[PDB]
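These values consider heavy atoms only, across backbone and side chains, with no hydrogens, waters or symmetry-generated copies. Order of the sequence lines sets the chain letters (A, B, ...), proteins ahead of strands, with each chain counted from 1.
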Amino acid sequence: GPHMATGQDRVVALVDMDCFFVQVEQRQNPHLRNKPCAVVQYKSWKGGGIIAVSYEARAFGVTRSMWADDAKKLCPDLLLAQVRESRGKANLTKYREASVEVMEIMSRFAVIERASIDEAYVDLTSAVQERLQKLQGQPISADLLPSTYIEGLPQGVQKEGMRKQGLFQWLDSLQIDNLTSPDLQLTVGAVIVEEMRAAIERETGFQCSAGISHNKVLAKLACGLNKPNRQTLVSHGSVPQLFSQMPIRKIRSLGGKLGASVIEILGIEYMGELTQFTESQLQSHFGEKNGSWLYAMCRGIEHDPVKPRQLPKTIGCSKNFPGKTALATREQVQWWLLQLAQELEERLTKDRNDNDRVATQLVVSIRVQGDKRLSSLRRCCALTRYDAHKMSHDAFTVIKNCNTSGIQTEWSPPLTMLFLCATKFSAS
DNA sequence: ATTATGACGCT
DNA sequence: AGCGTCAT
Ligand SMILES: Nc1ncnc2c1ncn2[C@H]1C[C@H](O)[C@@H](CO[P@](O)(=S)OP(=O)(O)OP(=O)(O)O)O1
Ligand SMILES: [Ca+2]
Ligand SMILES: [Mg+2]
Ligand SMILES: [Mg+2]
């Protein structure tokens, strides 16, 4: 009763740019706006690989991880923008720089955790307290929540009108003189996220979706419920119904092998079905940490903090060499290591100037032809100078003895991936 | 030939 | 440290 934690202590949002690389290209090229459009990497093999898709194009069945030639079969009028190529490889600088535009705006409102190039968690607990104090017990108008969905409502015929019906039910029910009502806190959080999203669109042109809830996992889940250009409030009370038909794989961290094992071992399908196991039962199958996490998570409770981190922890450069393009000679391997290192040096030097830090470790990863995993080998060495020729030489030295070829020049088995990653930053 | 990233966990 | 998982 009065002692069972309910995980309602925080207000957390997750902001996710809509089809982000596509929006970056549509801002730059107005001809692409409001069209079925996708962003592609490379071009020669099957038209290039699609890595982002506008919502107009998704309606035709275009997806990421699709060849452009195949997407054109589904959507003959599909427009394409190509990722920049520099030094023989895809170069994502435009999108990283657009990301910084958005992250810096979000940071004006609250502390953020950079989750990916186009998504950030927002810790709104303090901002909500402040806005509540300023509101002086004034009711919250629907006008302040023009793009908000309240998950689970309406309960007990435009699409927009059902949004409004649900919002009206929620607001009509809200108790406002309790400054500590979790539902009220979430609602004020949603007001702030409307403001944040309006600022992002005003100041960058970019639209986004967002989730507002009491923790990162629910905020992430919420964000995906109403896309694009909308935000969703998932209250603590909404969790039992929401989870009752929610496939386990939809919850962040459960979309892979662990989630599959939860399903197989327990013989369940939906997140809510987890509530029938004891904490010790779940720990016995999935380990102490996962078991405790699952026990709380299936009740809507998670404690992972929004980490105060706006900048990436690593700066990396990688290229696959699939099929016949696999690197089979010394000079080929060296040359591509150099290309990678030159991009790495450029990005590192900019990072040092912008962010007052220096990387101290270089991680070198490769894949050999006919190998199991993403990485066949991972080796680290010191990163003492931002110099591409040096880093490339060092990376070679580190991967030297992978070459089983007794022949001097030849490289066997051929390399299907090269990866340089700068890590272990220190203030400078 | 489902590419180029990036964070975090395990031992 | 090096490898594996999960995700964008
Ligand atoms: N698998 C993969 N490879 C390369 N680039 C990716 C990949 N996934 C995402 N991205 C890039 C391209 C995206 O514009 C960007 C954001 O990823 P996400 O959020 S999953 O998808 P978006 O393109 O923003 O559409 P969406 O969020 O509106 O569903 O990261
Ligand atoms: Ca996105
Ligand atoms: Mg996304
Ligand atoms: Mg995203």
Sugar-phosphate, base or nothing in reach of [X], heavy atoms under 4.0 Å:
X      : result
A:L374 : base
A:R64  : nothing
A:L92  : sugar-phosphate
A:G316 : sugar-phosphate
A:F20  : nothing
A:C421 : nothing
A:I315 : sugar-phosphate
A:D16  : nothing
A:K220 : sugar-phosphate

Side-chain N or O of [X] versus OP1/OP2 of [N]: is the shortest distance under 4.0 Å?
X      : N     : answer
A:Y95  : B:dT5 : no
A:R114 : B:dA7 : no
A:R96  : B:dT5 : yes

Could you measure between the two P atoms, the one in B:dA1 and the one in C:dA7, and give it in whole Å? 24 Å
From C-beta outward on A:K89, which listed nucleotide comes closest to its side chain: B:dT5, C:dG2, B:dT3?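 That would be B:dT5.
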What's the CZ-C1' distance between A:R373 and C:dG4, to the nearest Å?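 Nearest whole value for this atom pair: 10 Å.
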Answer yes or no: does atom CD of A:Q82 have more than 12 heavy-atom neighbours from other residues, nucleotides or ligands under 6.0 Å?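 For A:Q82, atom CD is crowded (more than 12 foreign heavy atoms under 6.0 Å).
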Residue mapping more 5' on DNA chain B - nearest nucleotide basis, A:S65 or A:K313: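 First, find each residue's nearest nucleotide; the 5'-ward one identifies A:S65.
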Is it true that A:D354 and A:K350 make a salt bridge, defined as a side-chain N closer than 4.0 Å to a carboxylate O?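 Here A:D354 pairs with A:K350 in a salt bridge, since their nearest N and O are under 4.0 Å apart.
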Looking at A:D394 and A:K390, does any basic side-chain N land under 4.0 Å from a carboxylate oxygen? yes
Can you say whether the rings of A:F20 and A:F206 are parallel (under 30°), tilted (30 to 60°) or perpendicular (over 60°)? perpendicular
